[PDB]
Amino acid sequence: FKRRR
Amino acid sequence: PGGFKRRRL
Amino acid sequence: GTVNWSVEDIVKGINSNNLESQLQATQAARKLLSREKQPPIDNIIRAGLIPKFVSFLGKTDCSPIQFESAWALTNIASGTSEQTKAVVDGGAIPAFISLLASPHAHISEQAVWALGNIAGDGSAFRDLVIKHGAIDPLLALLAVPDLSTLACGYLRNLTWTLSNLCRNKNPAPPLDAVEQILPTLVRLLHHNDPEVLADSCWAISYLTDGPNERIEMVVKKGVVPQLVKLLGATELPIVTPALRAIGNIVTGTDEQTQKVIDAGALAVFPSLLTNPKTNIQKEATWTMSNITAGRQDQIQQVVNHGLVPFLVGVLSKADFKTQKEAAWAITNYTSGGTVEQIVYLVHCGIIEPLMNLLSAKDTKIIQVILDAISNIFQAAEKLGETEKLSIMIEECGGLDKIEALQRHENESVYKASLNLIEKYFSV
Ligand code: NA
Ligand code: NA
């Protein structure tokens, strides 16, 4: 669920 | 952010 | 004297075979290129002076013309990628690298600045400066027992150039280059000057904006604790680059994210999530969403630091973009959280603000909200209290919102909307 730039 | 390039004086 | 010279007069003097006349014309050019507005960079380039300026860089006997041409070329390279390219096309990169070893510190500093302008143009000019071997001489300039023995301006320029050697992606700086500069960048991140500290944090933020292997090289250096201390700083110019680097590290593994949490990061979010700068609230909320996508002990850390009421606040009132990040944080929390944590969220007052954000035009924010609503309803099923959650959603008017979402343009919106309406709002 981790969203990066 | 906006300092990629710098001009002196 | 050398003020308000015509490019024609500057070209006449440089084309003399009189080194002193060339110095006068090179200084007149620097003044034109150093004026407050409209430096005639294009006019200087078309006159064909860049080659003469780069040749002047090599005049060890005339250090004045070395400094004058350095400044002129610096300011040319400060412009568009075209003008920087003209400087690099003149063979300036190797000449400036050579000047880095000058005994005149103002000439060295000017070379540092010029290389910063070149490398800051993009990933290709950045890697070309590196290939010419600028890291060794640049890091040699900072090889002192105490950086406080270095001029404030000298230090600031070297840090800003190093930040440009760590900036830009596609590709990211060569791994070897990052490993060769990381040690000196950590020392500048512990410096006391606000500008050196912000540029160092911006360099670290550039290094952490990539794969988890990049994040690891920086985290292995042990900068997270100082980054959390700089996250507490009173200077937004330092707090901005600090939060970005922390956010970048919490985009990585749950161990890298737990390194941030162990360093005390969560204790600063009460202020970052209420920070008057909208950009700070948004980035803090996006760091919180990436933290609530982590392990359950990590979600429990969020909860222990009192950050759930702050997410509720942001979801209640904040810039739409911040609210979109907060809805993401809520959907991550509820996807990965325990039933006890999910119920703590509804006790903190997440239902009303979440259901009120369902009236948003953005379709993705509605899908994210509906996702969390379903996850909380699933936790409600585990407790046999779904009816009370249905009563809570109907009282805040959100039931009406979902009912209308059943006619939304997107299929997933009305699909999930109808599911909950025919799953927890049906007989
Ligand atoms: Na709890
Ligand atoms: Na409940």
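Following Swiss-Prot, chain C shows residues 72-498, kept in their order.
Just so you know, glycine gets a Cβ as well, placed from its N, Cα and C.
Pulled from Swiss-Prot, these are the features on record:
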REPEAT    C:112-151  repeat 'ARM 2'
REGION    C:142-238  region 'NLS binding site (major)'
REPEAT    C:152-193  repeat 'ARM 3'
REPEAT    C:200-244  repeat 'ARM 4'
REPEAT    C:246-282  repeat 'ARM 5'
REPEAT    C:283-322  repeat 'ARM 6'
REGION    C:315-403  region 'NLS binding site (minor)'
REPEAT    C:325-364  repeat 'ARM 7'
REPEAT    C:367-409  repeat 'ARM 8'
REPEAT    C:410-456  repeat 'ARM 9'
REPEAT    C:457-496  repeat 'ARM 10'
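With DSSP classes pooled into helix, strand and coil, the tally for the repeat 'ARM 5' (C:246-282) is 29 helix, 0 strand, 8 coil.
Note on the repeat 'ARM 5' (C:246-282): residues 201, 206-207, 210, 213, 218-219, 223, 226-227, 230-231, 233-234, 236-240, 288-289, 292-294, 297-298, 301, 304, 306, 308-309, 311-313, 315-316, 319-320 of its chain, located 6 or more positions outside it, place their CB under 8 angstroms from a CB of the stretch. Counted as Cβ pairs under 8 Å, contacts with the repeat 'ARM 3' (C:152-193) are highest for C:200-244 among C:200-244, C:325-364, C:367-409, C:410-456, C:457-496. With a threshold of 8 Å between CB atoms, the same-chain residues lying at least 6 positions outside the repeat 'ARM 7' (C:325-364) that come near it are 283, 286-287, 290, 295-296, 298-299, 302-303, 307, 310-311, 314-315, 317-318, 370, 372-373, 376-378, 381-382, 384-385, 389-390, 392-393, 396-397, 399-401, 403-404, 406-408.
Per DSSP, the secondary structure of the repeat 'ARM 10' (C:457-496) breaks down as 29 helix, 0 strand, 11 coil. For the repeat 'ARM 10' (C:457-496), the list of distant contacts is 417, 422-423, 425-427, 429-430, 434, 437-438, 441-442, 444-445, 447-448, 451: same-chain residues at least six beyond its ends, Cβ to Cβ under 8 Å.
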